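Next up is one chain by itself, shown in structure tokens, the form deposited in one PDB entry.
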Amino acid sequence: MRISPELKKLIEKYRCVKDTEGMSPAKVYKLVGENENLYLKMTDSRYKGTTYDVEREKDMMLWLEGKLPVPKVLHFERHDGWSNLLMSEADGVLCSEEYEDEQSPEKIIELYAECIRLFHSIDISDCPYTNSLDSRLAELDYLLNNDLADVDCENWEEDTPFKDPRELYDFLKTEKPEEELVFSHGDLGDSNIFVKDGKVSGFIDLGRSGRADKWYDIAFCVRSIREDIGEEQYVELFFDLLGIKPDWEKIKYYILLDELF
């Protein structure tokens, strides 16, 4: 059945719609109700205790209550190997949508800068998870060995500098940079930030959130900017807003790290 009798009873009066598998390997179901939407997010036991495990996402959502705008945890359970999280819908409009037609590079970059600022204001002394590079790399070793890592187009392309996934891993292992831990979203992108009245209104997709180096989220922003918006001058703009000098070695490193995840 995958969900418990209790959870089924909770979600009964909602119309269930499978999401487009945007959060694969997690299964996401939109639950359309009369007065609101709920989201049910599920991950199987192969992902237990990794940064994909929604139990992990649930823990961070509870800890983040009162520190960052996040959906409310409504129900959580382990059932028949599955981790099942039922949550409220984020407030505001999804970034990718808010700026869908907005050819405004300036606004998403401004939004990225605000997120980084918000993150650095969060006290991580009691943060439930530490996603230091030793932890991420141990996890990556495990995913690789159990054929759960995300091997695809970026390992097969002729243009790849590494002959295979394990070559990229060894590089990540030996070139590990020094780290200064701060709160980190883990997968910061326009598909999981919500905005409302020009202000950040919510974050979702928090399974990879916790302590990590400050250049990790920054690196993701640089990658977003370059992928969408095409011009490198918007990268320089991003760093003027942050008011810091980019560390390209670290930025390159974190972008490579995400390839297998």
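Take the two forms, find the largest set of C-alpha atoms that superpose within 1.5 Å, and that set is the rigid core. Shifts are known only where both forms have a C-alpha. From 1 onward, residues are counted along the sequence shown.
Engineer: Which of the two stretches, 250-258 or 3-11, shows the higher mean Cα temperature factor in the record?
Structural biologist: Looking at the recorded C-alpha B-factors, 3-11 comes out higher on average.
Engineer: Where do the C-alpha atoms have the higher mean temperature factor in this entry, in 197-205 or in 43-51?
Structural biologist: Mean CA B-factor is higher for 197-205.
Engineer: By the CA temperature factor listed in this entry, which of these ranks top: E236, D217, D228, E57?
Structural biologist: Among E236, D217, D228, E57, the highest C-alpha B-factor in the entry belongs to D228.
Engineer: Per the entry's Cα B factor values, which of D123, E179, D150, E77 stands out as the maximum?
Structural biologist: The record points to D150.
Engineer: Taking the C-alpha B-factors as the PDB entry records them, is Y112 in the lowest, middle or highest third of its chain?
Structural biologist: As the PDB entry reports it, the C-alpha B-factor of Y112 lands in the middle third of its chain.
Engineer: Using the temperature factors of the C-alpha atoms in this entry, rank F119 within its chain: lowest, middle or highest third.
Structural biologist: Middle third.
Engineer: Could you tell me which third, lowest, middle or highest, the C-alpha B-factor of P161 occupies within its chain?
Structural biologist: Highest third of the chain for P161's C-alpha B-factor.
Engineer: Within this chain's modelled residues, let me know which third the CA B factor of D141 belongs to: lowest, middle or highest.
Structural biologist: Within its chain, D141 is a middle-third residue by C-alpha B-factor, going by the deposited values.
Engineer: Ranking every modelled residue in this chain by its Cα temperature factor as given in the entry, which third contains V32?
Structural biologist: Within its chain, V32 is a highest-third residue by C-alpha B-factor, going by the deposited values.
The same protein has a further form, the form deposited with a small molecule bound, not shown here; the description that follows concerns it.
Engineer: Of the options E157, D126, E180, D147, which one has a non-hydrogen atom that comes within 4.5 Å of the small molecule in the deposited complex?
Structural biologist: Answer to the contact question: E157.
Engineer: Which of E236, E36, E227, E65 has a heavy atom within 4.5 Å of the small molecule in the deposited complex?
Structural biologist: By the 4.5 Å criterion, the partner-contacting residue is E227.
Engineer: Which of 148-156, 135-143, 103-111, 117-125 has heavy atoms within 4.5 Å of the small molecule in the deposited complex?
Structural biologist: Of the options given, it is 148-156.
Engineer: Give a yes or no for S191: in the deposited complex, does one of its heavy atoms lie within 4.5 Å of a heavy atom belonging to the small molecule?
Structural biologist: Answer yes; at least one heavy atom of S191 falls within 4.5 Å of the small molecule in the deposited complex.
Engineer: Heavy atom to heavy atom, is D247 within 4.5 Å of the small molecule in the deposited complex?
Structural biologist: Answer no; every heavy atom of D247 is more than 4.5 Å from the small molecule in the deposited complex.
Engineer: Going by a heavy atom distance of 4.5 Å, is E77 a contact of the small molecule in the deposited complex?
Structural biologist: Flag for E77 set to no.
Engineer: Contact with the small molecule in the deposited complex for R223, defined as at least one heavy atom pair within 4.5 Å: yes or no?
Structural biologist: Although the small molecule is absent here, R223 would touch it in the deposited complex, with heavy atoms inside 4.5 Å.
Engineer: State yes only if every one of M23, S96 and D187 has a non-hydrogen atom within 4.5 Å of the small molecule in the deposited complex; otherwise state no.
Structural biologist: Heavy-atom distance to the small molecule in the deposited complex: all three under 4.5 Å.
Engineer: Which residue, chosen from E106, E175, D91, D152, moves its CA by 2 Å or more between the shown form and the other one under a rigid core superposition?
Structural biologist: It is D152.
Engineer: Do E154 and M42 have their C-alpha atoms closer or farther apart in the deposited complex than here, with the shift being 3 angstroms or more?
Structural biologist: Note: Cα gap between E154 and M42 shrinks in the deposited complex.
Engineer: Superposing on the core, what residue ranges of at least 3 consecutive positions move by 2 angstroms or more in Cα between the shown form and the other one?
Structural biologist: Residues 9-12, 152-161 form the shifted runs.
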